[PDB]
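> The data below comprise the sequence and an experimental structure of the protein.
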Amino acid sequence: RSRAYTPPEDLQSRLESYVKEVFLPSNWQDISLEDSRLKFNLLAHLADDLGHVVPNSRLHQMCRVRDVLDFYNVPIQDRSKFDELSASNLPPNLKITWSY
Amino acid sequence: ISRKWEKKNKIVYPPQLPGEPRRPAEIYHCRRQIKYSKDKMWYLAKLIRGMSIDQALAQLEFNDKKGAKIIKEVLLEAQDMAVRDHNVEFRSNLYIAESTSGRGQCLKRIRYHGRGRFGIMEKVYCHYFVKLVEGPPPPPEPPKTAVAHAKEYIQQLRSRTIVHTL
Amino acid sequence: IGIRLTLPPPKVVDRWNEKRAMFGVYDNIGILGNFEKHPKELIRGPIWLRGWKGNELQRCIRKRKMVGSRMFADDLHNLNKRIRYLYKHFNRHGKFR
Amino acid sequence: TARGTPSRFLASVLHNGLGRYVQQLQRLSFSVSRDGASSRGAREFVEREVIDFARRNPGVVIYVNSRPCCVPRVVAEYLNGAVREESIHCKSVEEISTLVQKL
Amino acid sequence: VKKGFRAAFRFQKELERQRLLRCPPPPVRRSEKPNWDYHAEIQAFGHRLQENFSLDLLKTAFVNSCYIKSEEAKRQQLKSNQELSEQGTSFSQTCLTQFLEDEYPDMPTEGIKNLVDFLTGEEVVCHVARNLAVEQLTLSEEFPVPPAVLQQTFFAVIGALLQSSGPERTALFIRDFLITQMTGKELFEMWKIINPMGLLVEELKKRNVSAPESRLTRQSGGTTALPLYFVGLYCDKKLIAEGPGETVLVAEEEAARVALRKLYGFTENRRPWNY
Amino acid sequence: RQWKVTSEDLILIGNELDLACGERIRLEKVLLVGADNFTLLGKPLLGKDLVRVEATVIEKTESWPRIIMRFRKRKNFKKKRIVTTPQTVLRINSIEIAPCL
Amino acid sequence: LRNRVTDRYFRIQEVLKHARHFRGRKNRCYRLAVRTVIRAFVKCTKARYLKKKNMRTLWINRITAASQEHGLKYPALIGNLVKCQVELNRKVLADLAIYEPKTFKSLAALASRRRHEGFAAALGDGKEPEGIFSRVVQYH
RNA sequence: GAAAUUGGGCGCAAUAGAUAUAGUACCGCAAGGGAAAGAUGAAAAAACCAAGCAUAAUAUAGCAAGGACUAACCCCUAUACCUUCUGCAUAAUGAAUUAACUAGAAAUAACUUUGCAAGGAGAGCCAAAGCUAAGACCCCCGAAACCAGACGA
Ligand SMILES: [Mg+2]
Ligand SMILES: [Mg+2]
Ligand SMILES: [Mg+2]
Ligand SMILES: [Mg+2]
Ligand SMILES: [Mg+2]
Ligand SMILES: [Mg+2]
Ligand SMILES: [Mg+2]
Ligand SMILES: [Mg+2]
Ligand SMILES: [Mg+2]
Ligand SMILES: [Mg+2]
């Protein structure tokens, strides 16, 4: 298990291939997700393939397929703060150790 | 209670280098709970505080006080210890460096006074600590001569600065 | 010299004890248990203050009235003296009137 | 008071202003707890402004130790061997950034 | 027993300060202590002095000779220092005389060589080296670092700076750290002279001037224990110096020192050094 | 105030000067310049054309912790306050003079 | 005793560290120390008004000492260095007299020239041209 | 001041907590009063910190310090604290000093902050924006006495 997720370069067409599998019409990014089953079949296919599930806090923010697109092209990266600081281009007189 | 003076005879210094002068012996010895007061012992302890051990045993054989008969028992056991245990070759080559007296754990009795009133009488005890250092006694400090007072006055004139300015 | 020389043995507190992990359960037994029990029926202590809060005079009045018939003989006299004292303190002494 | 406390004359270390100005800090040493509310501002100082600080003067070599402490300290060591160990315990990020620039 | 922990902890740390005020520990060198990175302290050593070294050639300027012997002794259970330290000692001798022969032309080569021996002596260099963190960075055997080795390490730093940035930047490194050690210091606090009265007859004979007639200009309280005389040194009935003293022999021995300073250009009110 | 100032000396001022440590500063308002053989003294200042007094900044310390205690007898009036006034140290580098007379 | 004080040792040492250099039992006994440590702190702040008073009285006594060496009184020197717009204060004038007595001899020469220019303007009443050192510099 | 009526520890841990190691020792003819205190280690069949002193007596001058100072003192400045008072350096009170103990307990109404709102509240009660809940204000020692019951010639 690993929380890190990089947005794929073709997630625009990868999401469009999943909309055509759950339904198709013109302006496919403005399809309202007011159906409970239709939001389930779309977001289960994205979370199983891409490996990134929508959290319960953000599951209600998705009224359109536009909002599903905006969630999958933000990069999350959960690494330790040791790896975040010591790989943030330290000047040569910063020394960071971790007693953990 | 504390008994730190008894443990000072167990400090073991590292073995000396030949490019170093010979360390003199130190012999810490004490007697506790002497039925005598701690400030009547100070006059006997101040008397012998720089003397050599043979002059100390001379000036205590002829003192009339009670504690002089007790210090002379302490100084004789500490002189016998220095040739036995702490490796001093000459009995006469010792002098008293430190000679003090602390107070001991004192008992309390009731002294009756002239009416229903009374007082609390305290049966005094005391300690007596000595240290003998192996060697001849150092000479007593002479009074500083008129040359030495004049040097200190001229050195106090020479040291003064123009104060509260650059 | 009132300060200790050695630091005390370490206080190990289990925060996942039985009494700590299940603390607070059934405090809302009324409002989501169809109001069959009040939460004041969940508190265990003396008989005269199972669900009741008062000052020191109102506690001794209530202790003498509820459980005072079966109190010990010089515990009842220590209580009667306390109500006789707290009456005179609360009703006659004090700053504000 | 002044008769209790020692005193000294106004001096510099090695005539610090005559030829060139030598920065007199050698080291800063931060102990900063990873989990602990007392070093909340000290964690935000390391995250934000210790990298902007370690470039503003490259003579100071800064050590962030990051060990489980209750009180976060800053141990400023100077060029004449003096050590001034101060605490940044429960200080905001703007209060450590002036405390370090004072050092 | 008063219950609690926070006051028993503080007293445990006020006992440990008193255990170091009653028994202070021996000094340990900086590299055997927490928070030390030897590569990072050398790059910080350069930028501190506003100058740049070749960092590998500065690393060899700190490793001494006695360290390599006692690194091979513990190996039973690296270049030396002498090459860079010989270049730095030999250059900073010819660099300091060029600084002092330009500012004080009237001083003889005896007095200039006695000034460079002060500015490169163990009293000045090992005071300068301890406040530029040279003792912290040097690799020696015994600690505290002896002043015969710490002087060798300091001139290796000047020797390493010569190869890094030439003799122009290095002369400014000698001007800022060695010549600042003569500020406020008298000439004869640096060049100690036996018999300054006889050394003035030699120098006044060099300029073809008459030998001075020592004359008592002012005096006060000659029959006391605190006298004050003012022996003036007149030549051709024009004085070259006057000097005070406790007796006539001190005030005459000191009036030669005032005239020696007025001849070599080392007065107290001379033009200060330019930086 | 007025500082009698020579070259290579130190001055301690009791306020922050909003400067960086090391910045060379030209002290204006010179009001007496003297040598061994002459002195020039303004009315009340010398011109900026004539003198140029330089100064670096060495250290920007605080003062020693300096107590303010108030007390009045028989009145329960007792206050204590500890202030550390900020200080700066200037090193005068050169007193140049120019022939503008 | 539910919560009694566990840290009373360190409150005593807040006071007793200031009393270590006293005499008698004021350096040891806390009850006697606070009545002197408080009193040693009030004198420490009431003597910030006496340091500035005793320094200026010292500067006046070091200017009066040195102006008498040139035959000037103290009000004849300060009063006529103001009239030449020479705004030197007492600290520098007492530190000119010690460390630069040639410059102080020039300020005693200047304050006596302006004094004689003040008398010669006062004996010659009516319109006379001003003295040379008596001409003020105006700022606008 | 009614009634009808209604229905184990956010404890103490050897001056604490019991007076309690004990109602013993001791005190009183008697009724009665009534204490104090102990600390090793797995096994004894194995330091540093109060007052007080000492180490180490003292040097002209003065609330014991402060400003200082090259320098301890010398110089300059300064009439302990608490309480009580018109007003105290007061020759008014209290205090040798150290350690520990020793003194602000609560109502309606208002205010602040929420909840819900012509209604609030887990029956009772209040309500012409109210109502419910919380928070926040009320000390210590001391008489001569008075009475009841015992115990004492
Ligand atoms: Mg007695
Ligand atoms: Mg009823
Ligand atoms: Mg008890
Ligand atoms: Mg003591
Ligand atoms: Mg006096
Ligand atoms: Mg009065
Ligand atoms: Mg009185
Ligand atoms: Mg009274
Ligand atoms: Mg009395
Ligand atoms: Mg009878």
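Now that the structure is in, tell me what you want to look at. Numbering: from 1, shown residues only, chains lettered A, B, ... in the order given. Ligands and ions are numbered 1, 2, ... in the order given.

> the strands in chain B, which residues?
Listed from the start of the chain, chain B has strands (DSSP state E) covering B:26-34, B:94-100, B:107-112, B:118-123, B:126-134.

> what angle separates the first one from strand B:94-100?
This means strand B:26-34. 40 degrees (axes from the mean of the first three to the mean of the last three Cα atoms, to 10 degrees).

> Strand B:26-34 pairs with which strands, parallel or anti?
Paired strands of strand B:26-34, with direction, are strand B:126-134 (antiparallel) (DSSP bridges).

> Spell out whether the strand it pairs with and RNA strand H are in contact.
No: Strand B:126-134 does not reach RNA strand H (Cβ under 7 Å from any atom of the strand); its nearest approach is 7.9 Å. Any C-beta I mention is one placed from the backbone N, CA and C, and that applies to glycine too.

> Need the contact partners of that strand.
Outside strand B:126-134, the residues that touch it by Cβ atoms under 8 Å, 6 or more residues apart in numbering or on different chains are B:5, B:24-34, B:36-38, B:41, B:45, B:53, B:67, B:70-71, B:74-75, B:78-79, B:82, B:88, B:93-104.

> Work out the gap between it and the centre of the chain.
5 Å (Cα atoms, centre = their mean, to the nearest Å).

> same check, this time on stretch B:44-54
With Cα atoms, centre = their mean, you get 7 Å for stretch B:44-54.

> buried residues in that stretch?
For stretch B:44-54, the neighbour count (16 or more other Cβ atoms under 10 Å in any protein chain shown) marks B:44, B:45, B:47, B:48, B:49, B:50, B:51, B:52, B:53 as buried.

> Kindly reformat the strands of chain B as JSON lines containing mean neighbour count.
Output for those, formatted as JSON lines (neighbours: other Cβ atoms under 10 Å in any protein chain shown):
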{"stretch": "strand B:26-34", "mean neighbour count": "18"}
{"stretch": "strand B:94-100", "mean neighbour count": "21"}
{"stretch": "strand B:107-112", "mean neighbour count": "9"}
{"stretch": "strand B:118-123", "mean neighbour count": "10"}
{"stretch": "strand B:126-134", "mean neighbour count": "22"}
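
> how much space is there between the closest residue to residue B:63 other than its chain neighbours and residue E:76?
Leaving aside its chain neighbours, residue B:63 sits nearest to residue B:44 (6.9 Å; criterion: Cβ to Cβ, 6 or more residues apart in numbering or on different chains). The gap separating residue B:44 from residue E:76 is 61 Å, by Cβ to Cβ, to the nearest Å.

> Please, which helix or strand holds residue G:48?
Of the helices and strands defined by DSSP states H and E, none includes residue G:48.

> What about it, how many residues nearby?
11 (other Cβ atoms under 10 Å in any protein chain shown).

> wait, does the helix or strand harbouring residue D:76 contact chain A?
Residue D:76 belongs to strand D:73-78 when assigned by DSSP H and E. No: figure legend: strand D:73-78 not in contact with chain A (Cβ under 8 Å from any Cβ of the partner chain); closest approach 13.4 Å.

> Now narrow the buried residues of stretch B:44-54 to whatever sits close to RNA strand H.
Among the buried residues of stretch B:44-54, RNA strand H is touched by residue B:49 when using Cβ under 7 Å from any atom of the strand.

> between the buried residues of stretch B:44-54, which is closest to residue B:9?
residue B:53 (16.7 Å; Cβ to Cβ).

> Would you mind measuring from the closest one to chain D?
Note on residue B:53: its distance to chain D, by Cβ to the nearest Cβ, to the nearest Å, is 44 Å.

> now do residue B:31
Residue B:31 is 42 Å from chain D, by Cβ to the nearest Cβ.

> mind listing which of the buried residues of stretch B:44-54 are in helices?
B:44, B:45, B:47, B:53 (DSSP state H).

> Select the longest helix from chain A.
Assignment by DSSP H gives helix A:36-49 as the longest helix of chain A.

> Remind me what it packs against, helices and strands.
helix A:11-22, helix A:65-72 (3 or more Cβ pairs under 8 Å, 6 or more residues apart in numbering or on different chains; DSSP states H and E).

> 7 Å instead, please
helix A:11-22 (3 or more Cβ pairs under 7 Å, 6 or more residues apart in numbering or on different chains; DSSP states H and E).

> In the helix it packs on, which of the residues would be classed as buried?
For helix A:11-22, by 16+ other Cβ under 10 Å, it's A:15, A:18, A:19, A:22.

> Check which helices and strands it sits against.
The contact analysis (3+ Cβ pairs under 7 Å, 6+ apart) places helix A:11-22 against helix A:36-49, helix A:65-72.

> tell me the most buried of the ones you listed?
A comparison of these by mean neighbour count, using mean count of other Cβ atoms under 10 Å in any protein chain shown, puts helix A:65-72 on top with a mean of 16.

> what are the C-alpha coordinates of it, in PDB please?
Taking Å, rounded to 0.1, in the frame of the first residue of the first chain, the C-alpha atoms of helix A:65-72 are listed here in PDB:
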ATOM      1  CA  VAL A  65     -17.700  14.900 -14.600                       C
ATOM      2  CA  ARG A  66     -15.800  18.100 -14.700                       C
ATOM      3  CA  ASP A  67     -15.300  17.800 -10.900                       C
ATOM      4  CA  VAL A  68     -14.100  14.200 -11.300                       C
ATOM      5  CA  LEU A  69     -11.500  15.400 -13.900                       C
ATOM      6  CA  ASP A  70     -10.200  18.100 -11.500                       C
ATOM      7  CA  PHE A  71      -9.600  15.500  -8.700                       C
ATOM      8  CA  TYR A  72      -7.500  13.200 -10.900                       C
END
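
> Now the element after that helix, going C-ward?
helix A:81-85.

> how far is that next one from where the chain is centred?
The mean C-alpha position of helix A:81-85 is separated from the chain mean by 22 Å, Cα atoms, centre = their mean.

> And the next helix or strand past it?
Following helix A:81-85 toward the C-terminus (DSSP H and E): strand A:94-96.

> Skipping adjacent residues, who's closest to residue E:111 in space?
Using Cβ to Cβ, 6+ apart, the nearest residue to residue E:111 is residue E:191, at 5.3 Å.

> Make sure that neighbour is actually in contact with residue E:115.
Yes: applying Cβ atoms under 7 Å as the test, residue E:191 and residue E:115 come out as touching, 6.3 Å apart.

> of the two, who's got more company?
Comparing residue E:191 with residue E:115 by other Cβ under 10 Å, the one with more neighbours is residue E:115, at 22 against 19.
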